[PDB]
Amino acid sequence: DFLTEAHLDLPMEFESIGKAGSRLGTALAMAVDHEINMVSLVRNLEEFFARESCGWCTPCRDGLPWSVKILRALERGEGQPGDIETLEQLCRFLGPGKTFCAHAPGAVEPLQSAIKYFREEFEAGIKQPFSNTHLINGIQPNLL
Amino acid sequence: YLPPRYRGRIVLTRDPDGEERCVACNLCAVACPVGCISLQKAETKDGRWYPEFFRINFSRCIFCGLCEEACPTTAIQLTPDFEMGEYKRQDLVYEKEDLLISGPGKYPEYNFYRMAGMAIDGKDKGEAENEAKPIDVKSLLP
Amino acid sequence: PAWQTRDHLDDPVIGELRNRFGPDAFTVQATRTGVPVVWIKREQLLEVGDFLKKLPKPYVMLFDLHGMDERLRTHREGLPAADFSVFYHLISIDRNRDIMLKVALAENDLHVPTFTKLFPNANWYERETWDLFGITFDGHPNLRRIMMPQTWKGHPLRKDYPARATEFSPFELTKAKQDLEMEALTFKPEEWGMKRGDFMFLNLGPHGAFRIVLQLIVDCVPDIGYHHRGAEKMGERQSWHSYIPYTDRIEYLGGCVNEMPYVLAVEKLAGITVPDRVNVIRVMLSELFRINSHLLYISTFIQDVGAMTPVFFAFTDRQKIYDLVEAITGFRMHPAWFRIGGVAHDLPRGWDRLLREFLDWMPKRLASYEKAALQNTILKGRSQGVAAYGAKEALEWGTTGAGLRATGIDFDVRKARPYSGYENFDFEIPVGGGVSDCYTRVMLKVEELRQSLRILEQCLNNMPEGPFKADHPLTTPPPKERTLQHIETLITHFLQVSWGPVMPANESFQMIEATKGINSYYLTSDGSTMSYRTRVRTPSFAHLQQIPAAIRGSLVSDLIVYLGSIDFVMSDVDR
Amino acid sequence: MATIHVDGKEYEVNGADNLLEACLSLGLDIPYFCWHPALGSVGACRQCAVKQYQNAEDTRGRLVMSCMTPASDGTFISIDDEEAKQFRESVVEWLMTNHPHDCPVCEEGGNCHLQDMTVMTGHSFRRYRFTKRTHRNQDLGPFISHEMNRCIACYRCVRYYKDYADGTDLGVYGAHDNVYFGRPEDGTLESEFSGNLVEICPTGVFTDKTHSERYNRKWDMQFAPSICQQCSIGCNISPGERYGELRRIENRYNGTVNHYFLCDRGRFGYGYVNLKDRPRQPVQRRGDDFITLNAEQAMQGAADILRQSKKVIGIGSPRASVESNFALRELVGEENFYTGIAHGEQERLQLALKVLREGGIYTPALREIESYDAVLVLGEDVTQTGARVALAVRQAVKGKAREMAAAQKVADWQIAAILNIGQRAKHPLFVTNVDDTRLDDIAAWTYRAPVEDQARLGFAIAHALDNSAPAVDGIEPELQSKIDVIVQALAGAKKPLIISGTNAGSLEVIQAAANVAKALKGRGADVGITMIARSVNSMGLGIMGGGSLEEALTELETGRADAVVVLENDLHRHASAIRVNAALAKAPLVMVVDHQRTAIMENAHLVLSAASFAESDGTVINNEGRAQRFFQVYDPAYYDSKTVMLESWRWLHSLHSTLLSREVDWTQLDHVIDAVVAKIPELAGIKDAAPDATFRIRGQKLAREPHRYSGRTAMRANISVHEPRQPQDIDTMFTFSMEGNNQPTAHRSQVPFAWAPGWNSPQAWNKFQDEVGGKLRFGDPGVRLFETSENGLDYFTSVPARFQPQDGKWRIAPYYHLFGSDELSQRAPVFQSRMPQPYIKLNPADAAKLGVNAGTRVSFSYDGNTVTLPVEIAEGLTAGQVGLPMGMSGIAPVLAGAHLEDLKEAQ
Ligand code: SF4
Ligand code: SF4
Ligand code: SF4
Ligand code: SF4
Ligand code: SF4
Ligand code: SF4
Ligand code: FES
Ligand SMILES: [Ca+2]
């Protein structure tokens, strides 16, 4: 999970990074500066995680490509208003014990932290309304 | 004067490309409460499902329109025409040549095969709506 | 929600039953009927029944009495061990509450004591239960077959009895010649009713066709069952969705009024609360059909006892109502437009101008009807005191509708137990001065027709926005535009129209105010895609049962006038 | 054993089971894809998710998978928990993102497990707006079509094909969301059990190609409980009919015999019913002209000539029912009744019967085979004849890995852990044949030898197990070493299985297998023995008895038999064609009662239009000795009114009454079965195989059609718009309609088809079982005619001499094929391409002496005839032998063990 400048001055132990909302991992840290768009950074991360799925279990094999396609829409500015709430649901349902191994829980850990700390750049992607259906002549639709 | 939604004579319609719209899925036959539809699926060398025969017993039909609303291709529709009458009850049994009309009827633009994943002539894999190109397992890209 | 499963233990009728018979003398069933359901033993049936008749706010009316087979019912958790059952639906007007009593039976001993002494309307109901099932009601005076002919072997609502005509041998006319010879030799063996008796026994056959054997009036005996279509049996051989056309043909004038109790009952088994636009659309179609039926009753009433020359203009007005119905639904009669969860389509875009043209057109005609009927003297003189009854006679024979309202009992279903969003409308309930006769009933209908037009005025000006179908997985069928493009919607539509929607195992019950009286649907689900038991309570059955009690002491002309005044149709009576 | 708490309620369940198979047995609906009762739990699809609490007071727990979670004592789970329900809906939503819009044109529609689970979760609204992934398809042969777009990646196909069925040519390819299930390249699926993939796959990826030619939905089918007629195993089947033609073959669950799986010959070999060449009316010859008769005319015409005859003989068939052979036996008398099989085939069948009835060794059912610890297969090429036994033997060989895992406290359902512990360790399996078999990949040792050499190894194993058994002198040290390997595995086994059969064509191999079983029985082992017979009612016709076909042909050509009534028999398979056609020309009256068009009906004087198994009722007795009833699927007179197809027992009983008293008697089925029980005590069990036609489920008759059956007023409306009466069944408890009972909890054993509310797929069989993967709820249909005898037999001392080649004479080594060797199923058009080209197999040294190579057409002489075949080369075939394909068009199965006098290159 991503951490902020406020999360420095904090020791590099397993339970100290654990109480800060993240995991200590390999202990090799990566710095993100002010010129990297967070949505593009997460989209690069999820693209790696989606394509490195072994394909055994459904919420990794099929859940993660949906997250990638939403982030590509957010990065280009084609995001729809239900998209961010889908990313939240994906993170909840790809947690520990719901998938077959720990690959998928590790994949959603950057995604859920970046929405929590940087929601404004994710909200900036939403510039188009919701439409996943096309009109059919002679059939009046069900108007919500 | 008849309204557009009038429930008279039952026809089978055609695609805008000119093929028959019925894919012989048998949903209209099972959804009919009177059991007045019999049909059998046939398949072209192209791979397109179509009805070998389509038979409606209009002596039994009550014109409820449950067949039209069951159809997932808009092939079967009810038209504003009540002009029917016969000397023999056997002549109330209509075959596919008495039912298949020259155009699309009430829904001018819907084509089911454009939606469907199944491959027929003119639509190979990835040529349907919201469908990507097939990627082989041997592809170099991960 | 208004559909969740309830045991109704907080109803005050159960506590006084506990304090009278003990806690071990009955058993409470949790249903979705909206009423308490209690299983009693047949040795206590009469004691429990006469106890509810002298409660301090007593249950005065036996709504329905019929049976269930129950042998093939797999989901029977909590019920006592039954091979057959008989249910008794009772109604208290002063509490605005109902109770249902269920008596369990074994397959060898189909015997229960008759309920006729307490409630007189039970006589025809027990004969039908004897006809369609094989339950014998001990103490019944003339327990003969009321639906099928007297040589018919077999009880057609038993689950071992085959439903379809194709399963039997066809009309080879071996039995047609014998029935023709029997009908030709129409003689009285003094078995067709009480038949105590010098006396001229005459059969007279006349909006429906039925026979009656009259003593020349010393004794009259209706013979019904000539219009039995097996609608109740048909519910067992049709899915929940494909049964919907059969609902429209219980009453021909009813149309979408007839579909309303069935879809509301199925929606209780499904657990569906519909949107507001569905409520206003369903109320709109039901008040249009109610206006059409009331104009038919007023029209035909003026023609038989009066000059029919001015009132023939009402045909043009009924043509306008049929053109508006087939503009909305598609077809003039038997629309089959109500769906589980909604309606079949949305309203077409030019509906408002046609309805506004009908609402502008109607008051001039309506005020001409009021002038033609309220102020007339000849028909009023031929309709006052002609086979009258009061409040005590209405509640005994289960008479509802304009009859019951013509007495002082203000009981509508749209106000007492609101359904389909009727409680968000401004309308009044007309009521008589305590005497129900031929003049009072017609005057009440003219007042009801004006209130129905008020409901249609609020529907055009307060038509809300949104869907015509609920968003729920048991909404059958799904919206078609989503079905034509989306696979999960296509999958739901595929299984719903073919195998059927799966209703979980429960019992639901809805009552509506019909065009004539109160029509209800009591549906039982065994967890399958078809109904296990479908019960249709029609008010015309009770109204036609009431006529020998009131016509006794009158002429044949009074019989014809009384039959023309009562709200009875034989499709309702025989189903 | 264990008590678990589900959704507040409390239940009693088996502790060894996992939570999915515990809760499905109680009637709690949990959705699932990747789990199968036969295959075990792997945990892939994540659809079976439930919320598990630590105790009764824990309010916030965790989501587990019920297929992967043991049902321990003290378990607290909630299926209807809101977080569990949302997740289960999401799993369906994730599978729906890439699924094609194909349900109207998908053959799985209405019978699709994915359709049922999508509705059951309650996911009906699409949110995904992006593109769908697509796949190209493969050609998988004439039986199975391929549509990879519909795949949900549940991995059931590969787990069935590689792990369970031990096929080698199906795998998973790719990675992430691009996983592809199929073959490495296009071509026919090589496994004999490939066709179970249509039931195993929960979607429409693998579908029946033979059914998609004449497709109809499941609700329009008419079903009956039937038995497979293609070999002797007796697999229970549910054939479906629409518009008067048999449409598909479905597996009918029977927990004692076949359970979830059929072989490919059973599943796809049904096409002979649908032939246009079958006789539909009785036909009487007049010189060259042919006259069509009705049922009354045929009986009066036949019995006039039969009254004038001085002796009438009857020829039965192994592929005819017990009621049909007995009625034939009742018409000519038991002194004049012949079985219709050759004398040598008759001698092997009654010896096979003798060891089952009098050997004192229990004969296991087809599912009981999977519990045995050692298997010796002597002579029976069991994959090609009796294919479901080979599937059952593969599961028995995997019992070693189950024993190791049980010692390490791994649960029985955790299949990937058990397979990892195993690591190619197998229970020992020793097979003997004339060439290589399809069991060679799992066999501890294969022995390719002539049939006398296979018997001589069998007698030597018995002598090395017991001193009292007769010995085989002349065994070389190389073979002697291997005999010690087999004997130490057999004697060290706790439960050995001995398999042989009549298809090897040797009396001595069957004698050697009873000696091995006797020697193991004396040691204290719980030994079972299994014999495979040739046809569906081979064991039933052997219990009835009669003289051989050769004796019948003698009585014809020596003038004593004036007439002959052949019943469902093509005599060319069992005896020489030239002898049969000569002896049927001397007879004044030849009568044939067959449902198939055969060569002997050209010169026949009267042909009666017999019914096939789809149009008939009757009892067949399988290789185990179990009597099983098969019911009629459809009335053939309903659609075509000129069709006079009656049962063979109904034609022969009526003919006997017209012969006696000039009045036809169309009898009922229970009267014929009652007649069998009185006259033949050995067939007394057939009365209890099924109930009679007065059996009712609370007054209801058992339904053949699903309750949503369609087209009642339009099916026959092109002939007459007036609806005909529904066909009436007086023979059985079933009705030719949908107005009847098919409840899962109905007290019956004969289930025509499985359907439940919310379960339209083959997964609806879970509602009909007591525990899932167990037995049917009220017992599996079928009864064993004989129990194990108190005392056994003596040792057979008839040891054959060692095989020696001869110059000129060539021994015929039998080769069998699943798609060619059976009489009815080789006439199916879909089997014409699946069967191989006719060949002749030679040793390389013998083809070098003959001067030929692979592909050379060679000519030989059998019985004065000449057949030319192309040569194939067989290294495992020993010299002096000649491989022929048995049961083809031209090569009769009586040729096994025969000799070819002349062999030379064709010119
Ligand atoms: S979560 Fe693990 S097991 Fe599941 S698909 Fe991803 S990598 Fe494979
Ligand atoms: S008309 Fe429509 S529902 Fe009927 S078979 Fe054709 S496509 Fe299917
Ligand atoms: S309109 Fe109704 S009765 Fe007529 S064919 Fe269609 S479903 Fe059957
Ligand atoms: S596999 Fe099932 S869900 Fe998919 S298209 Fe076929 S029937 Fe529909
Ligand atoms: S092909 Fe069928 S069985 Fe195999 S993984 Fe795909 S859906 Fe499952
Ligand atoms: S093993 Fe024999 S009985 Fe079973 S399906 Fe195969 S051919 Fe039929
Ligand atoms: S069925 Fe349990 S995870 Fe697939
Ligand atoms: Ca029969």
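Rules of the game
Residues numbered from 1 in each chain as written, not as in the entry; some residues may be left out. Chains lettered and ligands numbered in written order. Part of a larger assembly, values for the part shown. Heavy atoms only, no water. Residues with missing side-chain atoms left out of burial classes, pairs and counts. Contact = heavy atoms within 4.5 Å. Buried area = accessible area lost by both parts, 1.4 Å probe. Salt bridge = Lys/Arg side-chain N within 4 Å of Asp/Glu carboxyl O. Polar contact = N/O pair within 3.5 Å; in protein donor to acceptor, adjacent residues only side chain to side chain. Helix = DSSP H or I, 4+ residues; strand = E, 2+ residues; numbered from the N terminus. Axes fitted to C-alpha atoms, helices over the stretch in contact; angles between N-to-C directions. Parallel < 35°, antiparallel > 145°, perpendicular 65-115°, else oblique. Nonpolar A, V, L, I, M, F, W, Y, C, P; charged D, E, K, R; others polar. Core = buried A, V, L, I, M, F, W, Y, C linked by side-chain atoms within 4.5 Å. Buried < 20%, exposed > 50% of the residue type's maximum accessible area, 1.4 Å probe, protein only.

Method of determination for the deposited model, per the PDB record: cryo-EM, at 2.1 Å resolution.

## Notes on the interface of chain B and chain C
Across the boundary between the two partners, chain B contributes 20 residues, which contact 29 residues of chain C. Here chain B meets chain C over a buried area of about 2100 Å², counting both sides, of which 57% is carbon and sulfur. It is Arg5, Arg7 and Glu69 of chain B in chain B that bury the most area against chain C; as a group they hold 34% of the surface buried on that side. At the boundary of chain B with chain C, the tally comes to one salt bridge. Run the count over chain B and chain C and you get 11 residue pairs in polar contact. Put simply, the parts of the chain that give the side of chain B that touches chain C at least two residues each are helix 1 (27-31) and helix 2 (66-70) of chain B.

## Concerning the interface of chain B and chain D
With 47 residues of chain B at the interface, the matching set in chain D holds 46 residues. Carbon and sulfur atoms supply 49% of the area that chain B and chain D bury against each other, a total of about 3600 Å² over both sides. A salt bridge links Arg60 of chain B to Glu723 of chain D; the shortest N-O distance between them is 3.3 Å. Put simply, chain B and chain D have 27 residue pairs in polar contact between them. Where the side of chain B that touches chain D is concerned, the elements lending two or more residues are helix 1, strand 2 (37-43), strand 3 (49-57) and helix 4 (112-115) of chain B. Counting residues per element, the side of chain B that touches chain D draws most heavily on strand 2 of chain B, which supplies six residues.

## Considerations on the packing of helix 3 (residues 122-132) of chain C against helix 18 (residues 539-551) of chain C
All names here are of chain C. For the pair helix 3 and helix 18, the least separation of the axes is 9 Å and the interaxial angle reads 120 degrees. In this view, helix 3 runs oblique relative to helix 18, as classed from their interaxial angle. For the pair helix 3 and helix 18, the contacting residues are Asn123, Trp124, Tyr125 and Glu128 in the first and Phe541, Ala542, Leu544 and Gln545 in the second. Classifying every residue of the contact of helix 3 with helix 18 by side-chain character gives five nonpolar, two polar and one charged.

## Focus on the nonpolar core
By size, the foremost hydrophobic cluster in this structure holds 199 residues, and its most contacted members are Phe122 of chain A together with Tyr160, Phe181, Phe206, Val389 and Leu429 of chain D. No other element matches helix 11 (residues 387-397) of chain D, which puts seven residues into this core. When neighbours within four sequence positions are excluded, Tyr160 of chain D is seen to be in contact with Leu39, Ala165, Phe193, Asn196, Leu197, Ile200 and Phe261 of chain D. Listed in part, the 166 residues of the second largest apolar core include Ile91, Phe137, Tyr419 and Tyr521 of chain C.

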